[PDB]
């Protein structure tokens, strides 16, 4: 299974064994003003090997012209924060998941 | 500095194969996200497909996944494969790109039409101006779209109003085209409606004059 | 209410590729059986191919399965392909349907001619009359069939008898055409024979006059 | 099965008046929201990227925000070039699938009287066994027009279809054509055919009447 | 190995006369039977569906039935429009492959006397090295048109080909022309060329002998 996060942040190999669990934590990491501590990456060139950690947050290259670290046209900041509020639906709660 | 163009669309029989092309000016096709949005006549914009980094693509729930996305970084283009046509697929195609589950730049669009039924000829019937004045030609039992009315081969462009096509109960379309002219020029100026249909390859010219016995 | 039409036939070199079209009016081609029959000049009709429900087809024993049947239910038509053409393949083609080992409705027919040899122009030789009387134009060494003979640009129609084409030992066809004319108009009205046919693109106008002596 | 709805279906306003559009979502979606302006004859353009930030090439008069399942958009200073379809697409977090029917807003025009015309079926169409009578309206505002077909002084229901043109760029007016189609048997058994038009710009209804075989 | 042959090759009958055609199968076949009318200029038409039941749009006077390997077809009341080629296709139970040579039928001309004309070869054809001599026969009946050739008062065999047209729709007659082909060297060797015609309508044979054109 692929998606926006499966092939970009944590890929599960086919020959994988173990278990994954989840629980509701809507009253722990949710504030009316908003939480900005949690960040996630969105833009990358291609998928990577499973079981690795990526720390580099260089500027994304998406056009023929180079941006050289300048946040301008045709190059945006790939890291976005999780915008969560305590007045969301049943599918928009912060869940703490351990693998 | 940024513009998108589309080409390759046109008339196609159902069950055929056609290949799309979409080139991005100044943008690399292998890096950014993509989006394809379909707008049926009388219906809103509907998403079709999205391209990921590689080896994965998601399609609509209604369709069975009859689009295959292939891209080449040599000349910065996008290629699509067409199969298993349906009468609902007759709509406009909008080449789009996405970022952060958001859409910013869209192309001008290309026309792709599926014609399962036969392409029959039209039947142009002039409307008699009863004794300003109004006159026109009634186009009925037409399968292709009305190319143009071309009142006097483009000489008359004032007062012309081409009504939108409507669906009849028999599966065909109905349309009327009219123009407002002064009543003093009814007997001096001769008006001809140029109703032609390119898909059926016919040209019909009709005479509009005040008739007798309605 | 039921009619069959054929198109796509014409002149073709041996070993060429051509597609046959046959659309059924008011009938579904994917359900009813289809039959193909040929009739070479100088002989009777001969069955060629038959259609089944799907995935199976039977051909003639003499042929080596050089027809492949492809049918699309969306367009309600039938497609035939020709490969490895021969000189014997020159025949008229009729689109047919069958039921219960019986044939009921046949189309108007299409012509496919295989020309192993090049097209030969027709030679016209006058046939001088001699005092009623009859005068004619002799057409020789022409290929292939058919040819149409008209006199005085179609003005003369009474008594005209166009003889059927016959095959010579050299492989070229022969034909004659005469008319019974009273002897009182031999010297007052001139007579011409118009020989012209499509594959040669040559028009010949030959005049025939009476010969009092030698 | 997301099942979104957009209300109202249609609304009309003039220059500088008050108008707004509301988008409702069946399930709870986060603060993400977008709006699109679909002009006929051209590809639609983006309006906003974030929940409240505006795009660089659009005027900043657009105001709209939301936190729950209800979202809205409005204009502080209306302009004549803002009359198009309004679409809402908040988020889906997996593939971005949400879109509604939309709402179209039309430019105000000065109220005048419609031009009512009637056209009998042609003699060529009579040989085909079908007769079509067209009631013609041009150069009228507002768009609403109570076109009622009168056949032998009797009301007709469920017999005609109406077509409305888009507002012209020269005078921002409408054109309406009502087409009544019938068989040759039903056309020849009635003598009087007419269409009655009721309009705001007309003090009294105006009916154009013609009779069969009127030489 | 189908091997179906129809006999006789040709027949001649008029209105009120008796005519029949017999088609036989070499191997045993069922009760299935069909007949076709093959006329030039258009696609052939069918006669019957079953062994005895006829088609909806065919004359009811066509009669034909059989049980064994011998089949036949006949017409009760003959019509001038029923003069075409006769073909038989009984059954094959796998692919329906059976057909015969065919049989043609024509209309009398009260045994009219033939008009025997001769055409010495044109001078243009003589320049090419080939001479063609045509003996013309027209408005004659029946098929017994002897076009035996005489050159220098000597008989010939195997040098001419005969062609017969279809019967006309106005007077229903025959038309035969036979071309004698010889080389230029062989044409100049002899001087007298003749064709004699023996016919039922002629008491004595008529020979249109020529030494020069006419003179």
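When the chains are written out, they are named A, B, C, D and E in that same order, and each has its own residue count from 1.
The rule is short, and it goes like this: a contact is a pair of C-beta atoms (placed from the backbone, for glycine too) under 8 Å apart; a residue touches a chain by one contact, two chains touch by 3 or more.
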Fitted rotation between chain D and its twin chain E in degrees, CA, nearest 5: 110
Core chain by centroid distance, with centroids computed from Cα atoms only: B
Centre distance in Å when chain D and chain E are each reduced to the mean of their C-alpha atoms: 76
Chain A and chain E: spacing of chain centres that average the CA atoms, whole Å: 92
Centre distance in Å when chain C and chain E are each reduced to the mean of their C-alpha atoms: 20
Centre-to-centre distance between chain D and chain A (centres being mean Cα positions), rounded to whole Å: 44
Contacts with two or more other chains, residues of chain A listed in rising order: 4
Of all residues in chain D, the ones touching two or more other chains: 32, 93
Chain-level touch network, classified as line, ring, star, complete or other: other
Chain-to-chain touches, reported pairwise for every pair that qualifies: A-B, A-D, B-C, B-D, C-E
Complex interface listing, chain B residues touching chain C: 13-15, 85, 116
Parts of chain A lying in touch with chain D, wherever the complex brings them together: 3-4, 83-85, 87-92
Chain A-facing residues of chain D, complex: 27-32, 67-69, 93-94
Chain B - residues contacting chain D, complex: 44-47, 50, 58, 94, 98, 101-109, 123, 125-128, 130, 132, 134, 136, 138, 140, 161-166, 168, 174-176, 178, 180, 211-214
In the complex, chain D residues that touch chain B: 32, 34, 36, 38, 43-46, 49, 87, 91-93, 95-97, 99-102, 115, 117-125, 128, 130, 132, 134, 136, 138-139, 161, 163-166, 168, 175, 177, 179, 181, 210-215
